[PDB]
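This is model.tsv. It holds TSV, N, CA and C atoms.
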```tsv
chain	number	residue	atom	x	y	z
I	1	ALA	N	-19.89	30.81	15.20
I	1	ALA	CA	-19.63	30.19	16.53
I	1	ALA	C	-18.88	28.87	16.38
I	2	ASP	N	-19.55	27.88	15.80
I	2	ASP	CA	-18.95	26.57	15.59
I	2	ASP	C	-17.85	26.63	14.53
I	3	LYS	N	-16.66	26.17	14.89
I	3	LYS	CA	-15.53	26.17	13.97
I	3	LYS	C	-15.25	24.76	13.46
I	4	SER	N	-15.47	23.78	14.33
I	4	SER	CA	-15.25	22.38	13.99
I	4	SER	C	-13.84	22.15	13.44
I	5	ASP	N	-12.91	23.04	13.78
I	5	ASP	CA	-11.53	22.91	13.33
I	5	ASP	C	-10.76	21.90	14.18
I	6	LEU	N	-11.41	21.37	15.22
I	6	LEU	CA	-10.78	20.40	16.09
I	6	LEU	C	-10.60	19.05	15.39
I	7	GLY	N	-11.22	18.91	14.22
I	7	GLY	CA	-11.12	17.67	13.47
I	7	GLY	C	-9.73	17.46	12.88
I	8	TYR	N	-8.96	18.54	12.78
I	8	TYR	CA	-7.61	18.47	12.23
I	8	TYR	C	-6.67	17.76	13.20
I	9	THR	N	-6.85	18.02	14.49
I	9	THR	CA	-6.01	17.41	15.51
I	9	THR	C	-6.47	15.99	15.83
I	10	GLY	N	-7.78	15.81	15.96
I	10	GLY	CA	-8.34	14.50	16.27
I	10	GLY	C	-8.27	13.52	15.11
I	11	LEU	N	-7.32	13.70	14.20
I	11	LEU	CA	-7.18	12.80	13.06
I	11	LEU	C	-6.26	11.63	13.37
I	12	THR	N	-5.91	11.46	14.64
I	12	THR	CA	-5.03	10.38	15.05
I	12	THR	C	-5.72	9.02	14.92
I	13	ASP	N	-6.91	8.90	15.51
I	13	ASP	CA	-7.65	7.64	15.43
I	13	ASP	C	-7.91	7.27	13.98
I	14	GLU	N	-8.27	8.26	13.18
I	14	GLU	CA	-8.52	8.05	11.76
I	14	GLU	C	-7.22	7.70	11.06
I	15	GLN	N	-6.15	8.33	11.50
I	15	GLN	CA	-4.83	8.11	10.95
I	15	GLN	C	-4.40	6.66	11.17
I	16	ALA	N	-4.56	6.19	12.40
I	16	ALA	CA	-4.20	4.83	12.75
I	16	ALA	C	-4.99	3.82	11.94
I	17	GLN	N	-6.30	3.96	12.02
I	17	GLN	CA	-7.21	3.07	11.31
I	17	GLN	C	-7.01	3.17	9.80
I	18	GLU	N	-6.80	4.39	9.31
I	18	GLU	CA	-6.60	4.62	7.89
I	18	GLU	C	-5.35	3.91	7.38
I	19	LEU	N	-4.25	4.07	8.10
I	19	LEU	CA	-2.98	3.45	7.72
I	19	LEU	C	-3.04	1.93	7.87
I	20	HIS	N	-3.68	1.47	8.94
I	20	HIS	CA	-3.80	0.04	9.19
I	20	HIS	C	-4.58	-0.65	8.08
I	21	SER	N	-5.78	-0.14	7.81
I	21	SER	CA	-6.64	-0.71	6.78
I	21	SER	C	-6.00	-0.63	5.40
I	22	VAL	N	-5.40	0.52	5.09
I	22	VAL	CA	-4.76	0.70	3.79
I	22	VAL	C	-3.51	-0.16	3.69
I	23	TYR	N	-2.77	-0.27	4.79
I	23	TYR	CA	-1.57	-1.08	4.78
I	23	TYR	C	-1.93	-2.52	4.43
I	24	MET	N	-2.96	-3.06	5.08
I	24	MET	CA	-3.41	-4.41	4.79
I	24	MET	C	-4.10	-4.46	3.44
I	25	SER	N	-5.00	-3.51	3.23
I	25	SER	CA	-5.72	-3.42	1.97
I	25	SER	C	-4.71	-3.33	0.84
I	26	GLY	N	-3.59	-2.68	1.12
I	26	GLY	CA	-2.55	-2.52	0.12
I	26	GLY	C	-1.16	-2.78	0.67
I	27	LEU	N	-0.94	-3.99	1.18
I	27	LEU	CA	0.36	-4.36	1.73
I	27	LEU	C	1.49	-4.04	0.76
I	28	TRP	N	1.20	-4.14	-0.53
I	28	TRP	CA	2.19	-3.85	-1.57
I	28	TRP	C	2.40	-2.35	-1.74
I	29	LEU	N	1.62	-1.55	-1.02
I	29	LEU	CA	1.72	-0.10	-1.10
I	29	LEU	C	3.11	0.37	-0.68
I	30	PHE	N	3.77	-0.43	0.16
I	30	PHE	CA	5.11	-0.10	0.64
I	30	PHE	C	6.08	0.06	-0.53
I	31	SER	N	5.91	-0.78	-1.54
I	31	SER	CA	6.76	-0.74	-2.72
I	31	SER	C	6.71	0.63	-3.39
I	32	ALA	N	5.51	1.21	-3.46
I	32	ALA	CA	5.34	2.53	-4.05
I	32	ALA	C	6.01	3.55	-3.16
I	33	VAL	N	5.79	3.35	-1.87
I	33	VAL	CA	6.36	4.18	-0.84
I	33	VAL	C	7.88	4.16	-0.92
I	34	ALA	N	8.44	2.99	-1.21
I	34	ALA	CA	9.88	2.83	-1.33
I	34	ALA	C	10.40	3.61	-2.53
I	35	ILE	N	9.72	3.46	-3.67
I	35	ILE	CA	10.12	4.16	-4.88
I	35	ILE	C	10.10	5.67	-4.67
I	36	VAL	N	9.01	6.17	-4.09
I	36	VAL	CA	8.87	7.59	-3.83
I	36	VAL	C	10.02	8.09	-2.96
I	37	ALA	N	10.26	7.41	-1.85
I	37	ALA	CA	11.33	7.78	-0.93
I	37	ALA	C	12.69	7.71	-1.62
I	38	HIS	N	12.96	6.60	-2.29
I	38	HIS	CA	14.23	6.41	-2.99
I	38	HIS	C	14.45	7.51	-4.02
I	39	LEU	N	13.45	7.71	-4.88
I	39	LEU	CA	13.53	8.74	-5.91
I	39	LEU	C	13.64	10.12	-5.27
I	40	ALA	N	12.90	10.32	-4.19
I	40	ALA	CA	12.92	11.59	-3.48
I	40	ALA	C	14.33	11.94	-3.06
I	41	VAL	N	15.03	10.97	-2.47
I	41	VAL	CA	16.40	11.18	-2.04
I	41	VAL	C	17.28	11.47	-3.24
I	42	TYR	N	17.04	10.75	-4.33
I	42	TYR	CA	17.79	10.96	-5.55
I	42	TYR	C	17.62	12.41	-5.99
I	43	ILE	N	16.46	12.98	-5.67
I	43	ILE	CA	16.16	14.37	-6.00
I	43	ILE	C	16.79	15.32	-4.99
I	44	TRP	N	17.01	14.82	-3.77
I	44	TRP	CA	17.59	15.63	-2.71
I	44	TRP	C	19.12	15.73	-2.85
I	45	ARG	N	19.74	14.69	-3.38
I	45	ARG	CA	21.20	14.68	-3.55
I	45	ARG	C	21.68	15.91	-4.32
I	46	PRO	N	21.08	16.21	-5.49
I	46	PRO	CA	21.47	17.36	-6.30
I	46	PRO	C	20.94	18.68	-5.74
I	47	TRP	N	20.16	18.60	-4.67
I	47	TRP	CA	19.60	19.78	-4.04
I	47	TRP	C	20.49	20.27	-2.91
I	48	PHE	N	21.01	19.31	-2.16
I	48	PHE	CA	21.90	19.59	-1.03
I	48	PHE	C	21.37	20.72	-0.15
```

Can the structure in the file be given as structure tokens, please?
Amino acid sequence: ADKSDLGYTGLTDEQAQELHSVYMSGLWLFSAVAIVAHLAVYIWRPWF
């Protein structure tokens, strides 16, 4: 009966709070994020 699958959609509040706390908790996390994105694109160039 109970599926409790509604938790997948209602992850917005958790998403906001999670990103906010982690962003502050790890303000320098952006640097990692930058490397991943930059490198990712470098990987996309040869993929086209």

Gap from CA of residue 18 (chain I) to atom N of residue 30 (chain I) - Å, one decimal: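 So the two atoms, CA of residue 18 (chain I) and atom N of residue 30 (chain I), lie 13.9 Å apart.
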
Sel. of alpha helix (DSSP H) residues, chain I, as a PDB file with N, CA and C atoms, keeping the file's coordinate frame:
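Ended up saving to result-v7.pdb:
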```pdb
ATOM      1  N   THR I  12      -5.910  11.460  14.640  1.00  0.00           N
ATOM      2  CA  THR I  12      -5.030  10.380  15.050  1.00  0.00           C
ATOM      3  C   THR I  12      -5.720   9.020  14.920  1.00  0.00           C
ATOM      4  N   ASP I  13      -6.910   8.900  15.510  1.00  0.00           N
ATOM      5  CA  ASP I  13      -7.650   7.640  15.430  1.00  0.00           C
ATOM      6  C   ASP I  13      -7.910   7.270  13.980  1.00  0.00           C
ATOM      7  N   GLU I  14      -8.270   8.260  13.180  1.00  0.00           N
ATOM      8  CA  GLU I  14      -8.520   8.050  11.760  1.00  0.00           C
ATOM      9  C   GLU I  14      -7.220   7.700  11.060  1.00  0.00           C
ATOM     10  N   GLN I  15      -6.150   8.330  11.500  1.00  0.00           N
ATOM     11  CA  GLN I  15      -4.830   8.110  10.950  1.00  0.00           C
ATOM     12  C   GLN I  15      -4.400   6.660  11.170  1.00  0.00           C
ATOM     13  N   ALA I  16      -4.560   6.190  12.400  1.00  0.00           N
ATOM     14  CA  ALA I  16      -4.200   4.830  12.750  1.00  0.00           C
ATOM     15  C   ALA I  16      -4.990   3.820  11.940  1.00  0.00           C
ATOM     16  N   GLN I  17      -6.300   3.960  12.020  1.00  0.00           N
ATOM     17  CA  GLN I  17      -7.210   3.070  11.310  1.00  0.00           C
ATOM     18  C   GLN I  17      -7.010   3.170   9.800  1.00  0.00           C
ATOM     19  N   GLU I  18      -6.800   4.390   9.310  1.00  0.00           N
ATOM     20  CA  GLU I  18      -6.600   4.620   7.890  1.00  0.00           C
ATOM     21  C   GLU I  18      -5.350   3.910   7.380  1.00  0.00           C
ATOM     22  N   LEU I  19      -4.250   4.070   8.100  1.00  0.00           N
ATOM     23  CA  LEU I  19      -2.980   3.450   7.720  1.00  0.00           C
ATOM     24  C   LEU I  19      -3.040   1.930   7.870  1.00  0.00           C
ATOM     25  N   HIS I  20      -3.680   1.470   8.940  1.00  0.00           N
ATOM     26  CA  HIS I  20      -3.800   0.040   9.190  1.00  0.00           C
ATOM     27  C   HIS I  20      -4.580  -0.650   8.080  1.00  0.00           C
ATOM     28  N   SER I  21      -5.780  -0.140   7.810  1.00  0.00           N
ATOM     29  CA  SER I  21      -6.640  -0.710   6.780  1.00  0.00           C
ATOM     30  C   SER I  21      -6.000  -0.630   5.400  1.00  0.00           C
ATOM     31  N   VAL I  22      -5.400   0.520   5.090  1.00  0.00           N
ATOM     32  CA  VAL I  22      -4.760   0.700   3.790  1.00  0.00           C
ATOM     33  C   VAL I  22      -3.510  -0.160   3.690  1.00  0.00           C
ATOM     34  N   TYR I  23      -2.770  -0.270   4.790  1.00  0.00           N
ATOM     35  CA  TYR I  23      -1.570  -1.080   4.780  1.00  0.00           C
ATOM     36  C   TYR I  23      -1.930  -2.520   4.430  1.00  0.00           C
ATOM     37  N   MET I  24      -2.960  -3.060   5.080  1.00  0.00           N
ATOM     38  CA  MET I  24      -3.410  -4.410   4.790  1.00  0.00           C
ATOM     39  C   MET I  24      -4.100  -4.460   3.440  1.00  0.00           C
ATOM     40  N   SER I  25      -5.000  -3.510   3.230  1.00  0.00           N
ATOM     41  CA  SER I  25      -5.720  -3.420   1.970  1.00  0.00           C
ATOM     42  C   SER I  25      -4.710  -3.330   0.840  1.00  0.00           C
ATOM     43  N   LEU I  29       1.620  -1.550  -1.020  1.00  0.00           N
ATOM     44  CA  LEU I  29       1.720  -0.100  -1.100  1.00  0.00           C
ATOM     45  C   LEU I  29       3.110   0.370  -0.680  1.00  0.00           C
ATOM     46  N   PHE I  30       3.770  -0.430   0.160  1.00  0.00           N
ATOM     47  CA  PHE I  30       5.110  -0.100   0.640  1.00  0.00           C
ATOM     48  C   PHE I  30       6.080   0.060  -0.530  1.00  0.00           C
ATOM     49  N   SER I  31       5.910  -0.780  -1.540  1.00  0.00           N
ATOM     50  CA  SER I  31       6.760  -0.740  -2.720  1.00  0.00           C
ATOM     51  C   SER I  31       6.710   0.630  -3.390  1.00  0.00           C
ATOM     52  N   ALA I  32       5.510   1.210  -3.460  1.00  0.00           N
ATOM     53  CA  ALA I  32       5.340   2.530  -4.050  1.00  0.00           C
ATOM     54  C   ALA I  32       6.010   3.550  -3.160  1.00  0.00           C
ATOM     55  N   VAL I  33       5.790   3.350  -1.870  1.00  0.00           N
ATOM     56  CA  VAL I  33       6.360   4.180  -0.840  1.00  0.00           C
ATOM     57  C   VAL I  33       7.880   4.160  -0.920  1.00  0.00           C
ATOM     58  N   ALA I  34       8.440   2.990  -1.210  1.00  0.00           N
ATOM     59  CA  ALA I  34       9.880   2.830  -1.330  1.00  0.00           C
ATOM     60  C   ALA I  34      10.400   3.610  -2.530  1.00  0.00           C
ATOM     61  N   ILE I  35       9.720   3.460  -3.670  1.00  0.00           N
ATOM     62  CA  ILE I  35      10.120   4.160  -4.880  1.00  0.00           C
ATOM     63  C   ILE I  35      10.100   5.670  -4.670  1.00  0.00           C
ATOM     64  N   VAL I  36       9.010   6.170  -4.090  1.00  0.00           N
ATOM     65  CA  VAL I  36       8.870   7.590  -3.830  1.00  0.00           C
ATOM     66  C   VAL I  36      10.020   8.090  -2.960  1.00  0.00           C
ATOM     67  N   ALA I  37      10.260   7.410  -1.850  1.00  0.00           N
ATOM     68  CA  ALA I  37      11.330   7.780  -0.930  1.00  0.00           C
ATOM     69  C   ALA I  37      12.690   7.710  -1.620  1.00  0.00           C
ATOM     70  N   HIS I  38      12.960   6.600  -2.290  1.00  0.00           N
ATOM     71  CA  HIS I  38      14.230   6.410  -2.990  1.00  0.00           C
ATOM     72  C   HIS I  38      14.450   7.510  -4.020  1.00  0.00           C
ATOM     73  N   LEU I  39      13.450   7.710  -4.880  1.00  0.00           N
ATOM     74  CA  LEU I  39      13.530   8.740  -5.910  1.00  0.00           C
ATOM     75  C   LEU I  39      13.640  10.120  -5.270  1.00  0.00           C
ATOM     76  N   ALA I  40      12.900  10.320  -4.190  1.00  0.00           N
ATOM     77  CA  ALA I  40      12.920  11.590  -3.480  1.00  0.00           C
ATOM     78  C   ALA I  40      14.330  11.940  -3.060  1.00  0.00           C
ATOM     79  N   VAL I  41      15.030  10.970  -2.470  1.00  0.00           N
ATOM     80  CA  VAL I  41      16.400  11.180  -2.040  1.00  0.00           C
ATOM     81  C   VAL I  41      17.280  11.470  -3.240  1.00  0.00           C
ATOM     82  N   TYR I  42      17.040  10.750  -4.330  1.00  0.00           N
ATOM     83  CA  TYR I  42      17.790  10.960  -5.550  1.00  0.00           C
ATOM     84  C   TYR I  42      17.620  12.410  -5.990  1.00  0.00           C
ATOM     85  N   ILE I  43      16.460  12.980  -5.670  1.00  0.00           N
ATOM     86  CA  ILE I  43      16.160  14.370  -6.000  1.00  0.00           C
ATOM     87  C   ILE I  43      16.790  15.320  -4.990  1.00  0.00           C
ATOM     88  N   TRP I  44      17.010  14.820  -3.770  1.00  0.00           N
ATOM     89  CA  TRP I  44      17.590  15.630  -2.710  1.00  0.00           C
ATOM     90  C   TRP I  44      19.120  15.730  -2.850  1.00  0.00           C
TER      91      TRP I  44
END
```

Length of the atom N of residue 24 (chain I) to atom N of residue 39 (chain I) vector [Å]: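 About the pair atom N of residue 24 (chain I) and atom N of residue 39 (chain I): they are 22.0 Å apart.
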
Two-atom distance - atom C of residue 32 (chain I), CA of residue 20 (chain I) (Å):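 Separating atom C of residue 32 (chain I) from CA of residue 20 (chain I) is a distance of 16.2 Å.
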
Can we get region 1-33 of chain I of that structure written down with N, CA, C and O atoms, as a PDB file, in the first residue's frame?
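Once written, selection.pdb looks like this:
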```pdb
ATOM      1  N   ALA I   1       0.842  -1.224   0.000  1.00  0.00           N
ATOM      2  CA  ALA I   1       0.000   0.000   0.000  1.00  0.00           C
ATOM      3  C   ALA I   1       0.864   1.257   0.000  1.00  0.00           C
ATOM      4  O   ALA I   1       0.880   2.010  -0.974  1.00  0.00           O
ATOM      5  N   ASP I   2       1.581   1.476   1.097  1.00  0.00           N
ATOM      6  CA  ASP I   2       2.448   2.641   1.222  1.00  0.00           C
ATOM      7  C   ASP I   2       3.652   2.526   0.294  1.00  0.00           C
ATOM      8  O   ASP I   2       4.388   1.540   0.333  1.00  0.00           O
ATOM      9  N   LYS I   3       3.849   3.541  -0.542  1.00  0.00           N
ATOM     10  CA  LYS I   3       4.967   3.553  -1.477  1.00  0.00           C
ATOM     11  C   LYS I   3       6.050   4.518  -1.008  1.00  0.00           C
ATOM     12  O   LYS I   3       7.241   4.277  -1.206  1.00  0.00           O
ATOM     13  N   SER I   4       5.624   5.609  -0.381  1.00  0.00           N
ATOM     14  CA  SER I   4       6.543   6.620   0.126  1.00  0.00           C
ATOM     15  C   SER I   4       7.501   7.109  -0.961  1.00  0.00           C
ATOM     16  O   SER I   4       8.579   7.623  -0.660  1.00  0.00           O
ATOM     17  N   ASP I   5       7.102   6.960  -2.221  1.00  0.00           N
ATOM     18  CA  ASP I   5       7.933   7.400  -3.339  1.00  0.00           C
ATOM     19  C   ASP I   5       7.799   8.905  -3.567  1.00  0.00           C
ATOM     20  O   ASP I   5       8.483   9.471  -4.421  1.00  0.00           O
ATOM     21  N   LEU I   6       6.927   9.550  -2.798  1.00  0.00           N
ATOM     22  CA  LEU I   6       6.723  10.989  -2.921  1.00  0.00           C
ATOM     23  C   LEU I   6       7.927  11.762  -2.384  1.00  0.00           C
ATOM     24  O   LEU I   6       8.033  12.972  -2.579  1.00  0.00           O
ATOM     25  N   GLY I   7       8.832  11.058  -1.709  1.00  0.00           N
ATOM     26  CA  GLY I   7      10.011  11.701  -1.160  1.00  0.00           C
ATOM     27  C   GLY I   7      10.987  12.144  -2.234  1.00  0.00           C
ATOM     28  O   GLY I   7      11.841  12.998  -1.991  1.00  0.00           O
ATOM     29  N   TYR I   8      10.863  11.565  -3.424  1.00  0.00           N
ATOM     30  CA  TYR I   8      11.744  11.908  -4.536  1.00  0.00           C
ATOM     31  C   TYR I   8      11.438  13.305  -5.064  1.00  0.00           C
ATOM     32  O   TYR I   8      12.345  14.051  -5.432  1.00  0.00           O
ATOM     33  N   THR I   9      10.157  13.650  -5.106  1.00  0.00           N
ATOM     34  CA  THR I   9       9.734  14.959  -5.594  1.00  0.00           C
ATOM     35  C   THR I   9       9.898  16.028  -4.517  1.00  0.00           C
ATOM     36  O   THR I   9      10.378  17.128  -4.790  1.00  0.00           O
ATOM     37  N   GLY I  10       9.490  15.700  -3.295  1.00  0.00           N
ATOM     38  CA  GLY I  10       9.592  16.640  -2.190  1.00  0.00           C
ATOM     39  C   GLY I  10      11.016  16.873  -1.702  1.00  0.00           C
ATOM     40  O   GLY I  10      11.221  17.222  -0.541  1.00  0.00           O
ATOM     41  N   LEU I  11      12.003  16.682  -2.577  1.00  0.00           N
ATOM     42  CA  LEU I  11      13.399  16.880  -2.199  1.00  0.00           C
ATOM     43  C   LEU I  11      13.849  18.318  -2.449  1.00  0.00           C
ATOM     44  O   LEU I  11      15.041  18.620  -2.390  1.00  0.00           O
ATOM     45  N   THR I  12      12.897  19.200  -2.734  1.00  0.00           N
ATOM     46  CA  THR I  12      13.211  20.599  -2.998  1.00  0.00           C
ATOM     47  C   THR I  12      13.675  21.310  -1.732  1.00  0.00           C
ATOM     48  O   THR I  12      14.731  21.943  -1.722  1.00  0.00           O
ATOM     49  N   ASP I  13      12.889  21.205  -0.663  1.00  0.00           N
ATOM     50  CA  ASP I  13      13.248  21.845   0.598  1.00  0.00           C
ATOM     51  C   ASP I  13      14.600  21.334   1.081  1.00  0.00           C
ATOM     52  O   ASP I  13      15.447  22.106   1.537  1.00  0.00           O
ATOM     53  N   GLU I  14      14.802  20.027   0.951  1.00  0.00           N
ATOM     54  CA  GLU I  14      16.057  19.408   1.346  1.00  0.00           C
ATOM     55  C   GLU I  14      17.173  19.869   0.427  1.00  0.00           C
ATOM     56  O   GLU I  14      18.307  20.086   0.850  1.00  0.00           O
ATOM     57  N   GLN I  15      16.823  20.021  -0.836  1.00  0.00           N
ATOM     58  CA  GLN I  15      17.761  20.468  -1.855  1.00  0.00           C
ATOM     59  C   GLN I  15      18.265  21.871  -1.539  1.00  0.00           C
ATOM     60  O   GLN I  15      19.467  22.134  -1.570  1.00  0.00           O
ATOM     61  N   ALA I  16      17.334  22.763  -1.230  1.00  0.00           N
ATOM     62  CA  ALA I  16      17.672  24.141  -0.901  1.00  0.00           C
ATOM     63  C   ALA I  16      18.559  24.210   0.327  1.00  0.00           C
ATOM     64  O   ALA I  16      19.643  24.792   0.303  1.00  0.00           O
ATOM     65  N   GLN I  17      18.080  23.611   1.395  1.00  0.00           N
ATOM     66  CA  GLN I  17      18.802  23.587   2.659  1.00  0.00           C
ATOM     67  C   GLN I  17      20.139  22.866   2.517  1.00  0.00           C
ATOM     68  O   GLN I  17      21.148  23.289   3.082  1.00  0.00           O
ATOM     69  N   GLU I  18      20.138  21.771   1.763  1.00  0.00           N
ATOM     70  CA  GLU I  18      21.344  20.984   1.551  1.00  0.00           C
ATOM     71  C   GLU I  18      22.417  21.794   0.829  1.00  0.00           C
ATOM     72  O   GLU I  18      23.579  21.802   1.236  1.00  0.00           O
ATOM     73  N   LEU I  19      22.022  22.470  -0.246  1.00  0.00           N
ATOM     74  CA  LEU I  19      22.954  23.277  -1.026  1.00  0.00           C
ATOM     75  C   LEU I  19      23.411  24.506  -0.245  1.00  0.00           C
ATOM     76  O   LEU I  19      24.579  24.890  -0.302  1.00  0.00           O
ATOM     77  N   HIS I  20      22.485  25.119   0.480  1.00  0.00           N
ATOM     78  CA  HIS I  20      22.800  26.306   1.268  1.00  0.00           C
ATOM     79  C   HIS I  20      23.830  25.993   2.349  1.00  0.00           C
ATOM     80  O   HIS I  20      24.864  26.658   2.454  1.00  0.00           O
ATOM     81  N   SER I  21      23.534  24.980   3.154  1.00  0.00           N
ATOM     82  CA  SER I  21      24.422  24.574   4.241  1.00  0.00           C
ATOM     83  C   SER I  21      25.775  24.105   3.715  1.00  0.00           C
ATOM     84  O   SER I  21      26.818  24.463   4.262  1.00  0.00           O
ATOM     85  N   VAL I  22      25.759  23.308   2.652  1.00  0.00           N
ATOM     86  CA  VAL I  22      26.995  22.804   2.067  1.00  0.00           C
ATOM     87  C   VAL I  22      27.771  23.928   1.405  1.00  0.00           C
ATOM     88  O   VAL I  22      28.996  23.973   1.486  1.00  0.00           O
ATOM     89  N   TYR I  23      27.060  24.843   0.755  1.00  0.00           N
ATOM     90  CA  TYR I  23      27.720  25.960   0.104  1.00  0.00           C
ATOM     91  C   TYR I  23      28.507  26.757   1.135  1.00  0.00           C
ATOM     92  O   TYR I  23      29.683  27.052   0.937  1.00  0.00           O
ATOM     93  N   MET I  24      27.864  27.073   2.258  1.00  0.00           N
ATOM     94  CA  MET I  24      28.536  27.798   3.328  1.00  0.00           C
ATOM     95  C   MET I  24      29.540  26.909   4.030  1.00  0.00           C
ATOM     96  O   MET I  24      30.689  27.294   4.249  1.00  0.00           O
ATOM     97  N   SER I  25      29.105  25.705   4.355  1.00  0.00           N
ATOM     98  CA  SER I  25      29.967  24.735   5.004  1.00  0.00           C
ATOM     99  C   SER I  25      31.204  24.530   4.150  1.00  0.00           C
ATOM    100  O   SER I  25      32.304  24.306   4.657  1.00  0.00           O
ATOM    101  N   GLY I  26      31.006  24.609   2.837  1.00  0.00           N
ATOM    102  CA  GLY I  26      32.105  24.432   1.908  1.00  0.00           C
ATOM    103  C   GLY I  26      32.108  25.462   0.793  1.00  0.00           C
ATOM    104  O   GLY I  26      32.023  25.108  -0.382  1.00  0.00           O
ATOM    105  N   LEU I  27      32.209  26.738   1.159  1.00  0.00           N
ATOM    106  CA  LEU I  27      32.227  27.819   0.176  1.00  0.00           C
ATOM    107  C   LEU I  27      33.265  27.559  -0.914  1.00  0.00           C
ATOM    108  O   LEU I  27      33.082  27.955  -2.065  1.00  0.00           O
ATOM    109  N   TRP I  28      34.351  26.888  -0.544  1.00  0.00           N
ATOM    110  CA  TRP I  28      35.414  26.572  -1.492  1.00  0.00           C
ATOM    111  C   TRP I  28      35.024  25.401  -2.398  1.00  0.00           C
ATOM    112  O   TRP I  28      35.768  25.040  -3.310  1.00  0.00           O
ATOM    113  N   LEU I  29      33.859  24.813  -2.142  1.00  0.00           N
ATOM    114  CA  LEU I  29      33.378  23.688  -2.934  1.00  0.00           C
ATOM    115  C   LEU I  29      33.204  24.093  -4.397  1.00  0.00           C
ATOM    116  O   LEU I  29      33.286  23.257  -5.297  1.00  0.00           O
ATOM    117  N   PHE I  30      32.971  25.381  -4.627  1.00  0.00           N
ATOM    118  CA  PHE I  30      32.791  25.897  -5.980  1.00  0.00           C
ATOM    119  C   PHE I  30      34.019  25.605  -6.837  1.00  0.00           C
ATOM    120  O   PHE I  30      33.906  25.298  -8.022  1.00  0.00           O
ATOM    121  N   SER I  31      35.193  25.703  -6.227  1.00  0.00           N
ATOM    122  CA  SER I  31      36.446  25.448  -6.929  1.00  0.00           C
ATOM    123  C   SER I  31      36.470  24.038  -7.516  1.00  0.00           C
ATOM    124  O   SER I  31      36.913  23.832  -8.647  1.00  0.00           O
ATOM    125  N   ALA I  32      35.966  23.074  -6.750  1.00  0.00           N
ATOM    126  CA  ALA I  32      35.911  21.691  -7.209  1.00  0.00           C
ATOM    127  C   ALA I  32      34.910  21.600  -8.336  1.00  0.00           C
ATOM    128  O   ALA I  32      35.139  20.965  -9.365  1.00  0.00           O
ATOM    129  N   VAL I  33      33.803  22.286  -8.117  1.00  0.00           N
ATOM    130  CA  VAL I  33      32.724  22.370  -9.070  1.00  0.00           C
ATOM    131  C   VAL I  33      33.223  22.959 -10.389  1.00  0.00           C
ATOM    132  O   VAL I  33      32.836  22.511 -11.470  1.00  0.00           O
TER     133      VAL I  33
END
```
